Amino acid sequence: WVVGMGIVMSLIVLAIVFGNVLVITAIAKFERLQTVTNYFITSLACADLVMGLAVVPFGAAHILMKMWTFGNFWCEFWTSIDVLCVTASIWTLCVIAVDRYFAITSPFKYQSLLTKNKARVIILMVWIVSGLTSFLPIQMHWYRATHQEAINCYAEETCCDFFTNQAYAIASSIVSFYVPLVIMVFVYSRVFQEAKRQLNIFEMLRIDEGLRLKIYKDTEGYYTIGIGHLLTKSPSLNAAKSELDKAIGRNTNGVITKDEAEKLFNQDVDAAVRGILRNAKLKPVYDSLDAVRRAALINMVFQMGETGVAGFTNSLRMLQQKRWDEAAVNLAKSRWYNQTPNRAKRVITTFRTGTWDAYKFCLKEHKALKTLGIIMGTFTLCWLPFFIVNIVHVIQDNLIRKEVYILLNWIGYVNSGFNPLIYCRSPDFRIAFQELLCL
């Protein structure tokens, strides 16, 4: 039996060290991943690396041997490092949540207001302050209990059970875990709401239209470039390049920058807007719609044209009469829904609710925010039961057992190995991992 669990704990130790070193190396090697967000992720990965190298191995030894053979010095230093890493992780995540809040509320959406040199200082202080609040109360004996069972364990070298006084157990839990948790959960819930609120048609079209810097053929087969900007309907490749050289004003050779792609995207959206106001059929429909449904109407005009969207005589009728559910059924009863289902479904669903439920976490930066949300969420689900049980044991010290306390602590220790697997979501990290593993 002892072996069966010893192997499991060894696979945990290895998974944490392997995965976190891989995360740290990728952010330190590849310039594309050297962003302010990934600096905090590095801080988070190092906390988990110290957890897998200096905390879990000695924790596993303490359980299987049922005693502490590392002396009274390492017992306290080990406990301090354990408390440090958890504190450093939750505060780093809180800082990430705050960083992402100020990034999305500003016009430089998804870009951190903090510079790289300032971000390193934040991290440094998050480890210095967490260093003092974790080590000092343990090294200066402010944590120690005064009852007999506890004093026997402190004197005995072979005992390393973490007995604490009621004051420390509450004060440390609130300052080290609950305060940054509540703020993180409150501040990052707003981040998901700002993402769902501030996204307009410039992101809506960018998502379902895509972006390519080179000349490609659309679903219909015509030469297109950028964010669905149709160059020509002619089957000639040089005709497409000729219309591309005309539109931009230089010899592009069928290749453009992201700037030029956005400049054309602004012109196409404005031309769609103007075209709706021009067309007598689309003109009253656009006025009767709210800011979100207007974007859904411009989306259709961007894809089919003003003349094509004017064909929906029954759909346009009911969109002005506030009959969303019926108008959405008629949009499904058209060749547009049959041709491009995934896109039409999202546009129809936008007319349905009048919200952005269909475009949730579809944009690249939104998936990046969702990933960060999973990192925070997993940390909460893995550590909250331990801390809840920690405060419950202070109130009534005869409700939770020792085995239950240690088990929930290990659900928290196994959380150190989850992050690298969760980073696979990000396309930048996948490429980076399989490059370091030489695959």
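From 1 onward, residues are counted along the sequence shown.
For the segment pair 109-117 and 242-250, the entry gives 242-250 the higher mean B-factor, averaged over Cα atoms. In this entry, 318-326 shows the higher mean Cα temperature factor of the pair 293-301 and 318-326.
Between the residues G210, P180, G354, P235, it is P235 that shows the highest Cα B-factor in the PDB record. Highest CA B-factor among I170, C94, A261, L124, as stated in the entry: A261. In the PDB entry, a CA B factor belonging to the highest third of its chain's modelled residues is recorded for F73. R206 sits in the lowest third of its chain by CA B factor, as recorded in the PDB entry. In the PDB entry, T349 places in the middle third of its chain by CA B-factor.
The deposited CA B-factor of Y154 belongs to the highest third of values across its chain. Ranked by C-alpha B-factor against the other modelled residues of its chain, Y222 falls in the highest third.
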